[PDB]
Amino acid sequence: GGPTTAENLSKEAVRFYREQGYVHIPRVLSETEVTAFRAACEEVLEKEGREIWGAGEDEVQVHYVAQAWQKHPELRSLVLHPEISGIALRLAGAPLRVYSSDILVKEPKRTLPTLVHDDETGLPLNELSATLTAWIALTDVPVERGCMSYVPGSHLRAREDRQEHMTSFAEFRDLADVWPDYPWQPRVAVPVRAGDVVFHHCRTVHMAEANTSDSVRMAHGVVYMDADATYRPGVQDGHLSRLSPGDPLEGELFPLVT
């Protein structure tokens, strides 16, 4: 029945994360915090407008707002939430910074599944080691509301079985061509309640269901990068125009997790 905090997080949960590449941590945010953070995200959606992850209006996987935490004063306290970010730190076992966050919405009956990938491939960064994502549920997410699934142990893939980095979208390859054994790997669906968080490593292969429920799904994805991460040109780097290749990502836009 009780909250999970950075302090009371079990050694078993940390071991599960290190071995499996993901972990479900329940009850990190209270009902009150969920309500306040969801409302702030709704304000950002209204003010910024959403973007489509997918191939146009008829092939929406996810509606999103990128660098989302920067776009509302109250969202700083989400990405640097003491429990969420403190748990991320314990799981990673190394110093972290906030890279970015996204508002991640799936509308009911109008979404495709989120196509399988690892996050490393689309991060415009060098020097990744312990980088991981906190996928924070701001609504309940039973399976059919667009829940996440993960391939256990896939973060430990050898180099030849990983794509690593896309400089441009022409480099896209089907995961089965990159990782021939992909289709014979188990796939774990992890439904969650609002306020729960699932963390996954930047090499963990993952995906999400279509939302075929009657209710909107909203999560908030926070990418916590290695604290000494540097800039590497790639797809998804439009907001990093002020940087040169190899420059460290530091300062107020990429704050240290303490």
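In this text, residue numbers run from 1 along the sequence as written.
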property	result
Stretch with the higher entry mean CA B-factor, where the candidates are 156 to 164 and 104 to 112	156 to 164
Given 174 to 182 and 133 to 141, the range whose Cα B-factors average higher in the PDB entry	174 to 182
Which of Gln61, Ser30, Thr204, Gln67 ranks first by CA B-factor in the deposited coordinates	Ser30
Among modelled residues of the same chain, the CA temperature factor third for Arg217	lowest
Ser77 CA temperature factor, ranked by third within the chain	middle
Ranked C-alpha temperature factor of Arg90 among modelled chain residues, by third	highest
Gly21 CA temperature factor, ranked by third within the chain	lowest
Chain third (lowest, middle, highest) by recorded CA B-factor, residue given as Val188	middle
